[PDB]
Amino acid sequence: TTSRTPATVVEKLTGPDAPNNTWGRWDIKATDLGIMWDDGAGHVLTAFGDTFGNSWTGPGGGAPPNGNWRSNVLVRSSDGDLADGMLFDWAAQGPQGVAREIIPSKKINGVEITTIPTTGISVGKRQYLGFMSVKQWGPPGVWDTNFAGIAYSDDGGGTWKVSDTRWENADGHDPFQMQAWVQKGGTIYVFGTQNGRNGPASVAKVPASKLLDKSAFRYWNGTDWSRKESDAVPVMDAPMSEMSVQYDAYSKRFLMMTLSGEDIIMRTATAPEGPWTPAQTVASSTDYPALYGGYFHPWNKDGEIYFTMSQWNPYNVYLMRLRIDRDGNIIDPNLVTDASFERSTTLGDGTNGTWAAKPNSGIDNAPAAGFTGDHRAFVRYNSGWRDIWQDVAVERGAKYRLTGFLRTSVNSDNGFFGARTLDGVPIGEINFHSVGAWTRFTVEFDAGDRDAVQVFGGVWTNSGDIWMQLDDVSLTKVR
């Protein structure tokens, strides 16, 4: 939909230009999902789906026959400061230098093309990784699974065994093929959808110590929680996709993220069986074309909700953030309009929620040309101060946080990124020189006694034919 996107892009976690350099460290050049859990020993384990190496070019999933295709990979993090990104400090490798596949797959189309992780947790000293055996893919959003299964690790993710616990899908419509786990007290709640993205969500529950025991599961039936999987009724209507559920102590509610039709949405509840509050837009397909996934980071605190989001054309995973209040409502949205430049193919005049820029400028539009999506802004010349800017309404005497992604031609010598009055008077800014990789800059400032500021990035072009590219600019209120 054309709905505004409240969420802010924090970091590209995988693939080309990722700070993590997963491409160079582990041959993780393109991948998806980024499913996260706390391992119980002060780390976050992150699992990924179909993953390609060095020869991948994009756009989209899939690579040449030498693309080192793995069905899944697994990395760790110790990073407790997500505002500045999420560093990966370990991966499961084999050989050393190459992140390996942890759950094997036959890679025979129409039998088992792949194995895709769906949700993870730890209990005591064991790690558990739900996954689906994919028989074949169909059109976007449509695919057939053989079963949901569970792998486990007793060494912190270093080695993995596939358990004998399965939800078979003989008729295709089994309602727990793609799971999402959340612990509350002694119970693990187990959300489930069918294979693909067109059906509803159901819910089951299991004592935390009995996750692998099918006989200990009980299924919400409308009235109570009973023994038979066939008694499960939906708790959230179609369409639902891959899901993530988190119990948020700030708001004292469960939070659920999924792609529902076109957009990633969030719903909230105080009971896992519902009622579930209506969808709130997290990210729209207009701003983030061909987005999917949406998994909560286990260390979310204080209503500052970080999550991973996937996108088809760059086929890589992004760390995102949004803010909730104590009722689970999204507040303090990105105040920049058309933050990822995807909504227009031209600049405007900088007013009424448009971008403007000095000659020569434009919106580059090509598969995966953006930091995210297919659009980015640029400016380029060989004389003088050359900038891109937007007028944003703000609250008098409030404090704001500006982030955005940029890179320059190698010969760039002096640019700036920041906020200024509508008359050009700087409020707060940083200074960059030459920027190779897509790089995030970050400026915090007081609005002062004004109700509008101009957010901007630019380069001096006195020294030569110099350019700057810009994407995914966010202005959010602080607190």
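One rule holds for the numbers: they count along the sequence shown, beginning at 1.
In this entry, 345-353 shows the higher mean Cα temperature factor of the pair 127-135 and 345-353.
Just going by the entry, 158-166 versus 392-400 on mean CA temperature factor gives the higher value to 392-400. Within the listed group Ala283, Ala92, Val233, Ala151, the record reports its top CA B-factor for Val233. Note on the listed residues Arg450, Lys29, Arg440, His433: the highest Cα temperature factor in the record is that of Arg450. The PDB entry assigns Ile427 a C-alpha temperature factor belonging to the highest third of its chain's modelled residues. Among all modelled residues in this chain, the alpha-carbon of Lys214 has a temperature factor (C-alpha) in the highest third. Ranked by C-alpha B-factor against the other modelled residues of its chain, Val473 falls in the lowest third. Residue-level temperature factors show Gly40 in the middle third of its chain, judged at the C-alpha atom. Sort the chain's modelled residues by C-alpha temperature factor and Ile265 lands in the middle third, per the entry.
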